[PDB]
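S.K.: In our numbering, the protein residues as written are -6 to 97.
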């Protein structure tokens, strides 16, 4: 009874993803109305046997770091304080969802 709107919601999980057994832990599951399904692993997590594990050698951990397709994955060493992987948040959107995997 509603459409896509993630730009500052804060509402009850009416548009939340279902408890999935297909998507591994520490990953975001997005199921679209058209039937499309996206799964975004978190930063620092590597793809191991269709599962997301925290990897000691995360070369962005995922092709795009697990970040949204339009988010930028940046790898640094001197910034390991914030993490080994620094993902580029999206346009001015102070609402970071999925641990920063998606902004706004």
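For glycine and all other residues, C-beta sits at the position ideal for the given N, C-alpha and C.
Straight-line CA distance for residue 29 to residue 13?
M.R.: The residue you call residue 29 lines up with position 36 of the chain shown. The residue you call residue 13 lines up with position 20 of the chain shown. Taking the straight line joining both Cα atoms gives about 15 angstroms.
S.K.: Scan the segment 7 to 86 and note each continuous beta strand (DSSP E) run of 3 residues or more that stays entirely inside, going in chain order.
M.R.: 20 to 24, 30 to 34, 38 to 41, 44 to 47, 65 to 68 and 78 to 81
S.K.: Beta carbon of residue 1, beta carbon of residue 86: below 9 angstroms?
M.R.: Counting from one through the chain shown, the residue named residue 1 turns up at place 8. Counting from one through the chain shown, the residue named residue 86 turns up at place 93. Cβ distance < 9 angstroms, so residue 1 and residue 86 count as in contact.
S.K.: Pull up the DSSP beta-bridge partners for residue 90, would you.
M.R.: To locate residue 90, count along the chain shown from 1; it is residue 97. In DSSP, residue 90 forms a bridge with 95.
S.K.: Rounded to whole angstroms, what is the Cα-Cα separation between residue 11 and residue 66?
M.R.: In the chain shown, counting from the first residue as 1, residue 11 sits at position 18. In the chain shown, counting from the first residue as 1, residue 66 sits at position 73. Straight-line Cα distance between these residues: approximately 27 angstroms.
S.K.: Roughly how many angstroms separate the alpha carbons of residue 58 and residue -6, rounded to a whole number?
M.R.: Numbered from its first residue, the chain shown carries residue 58 at position 65. Numbered from its first residue, the chain shown carries residue -6 at position 1. The alpha-carbon atoms of residue 58 and residue -6 are separated by roughly 33 angstroms.
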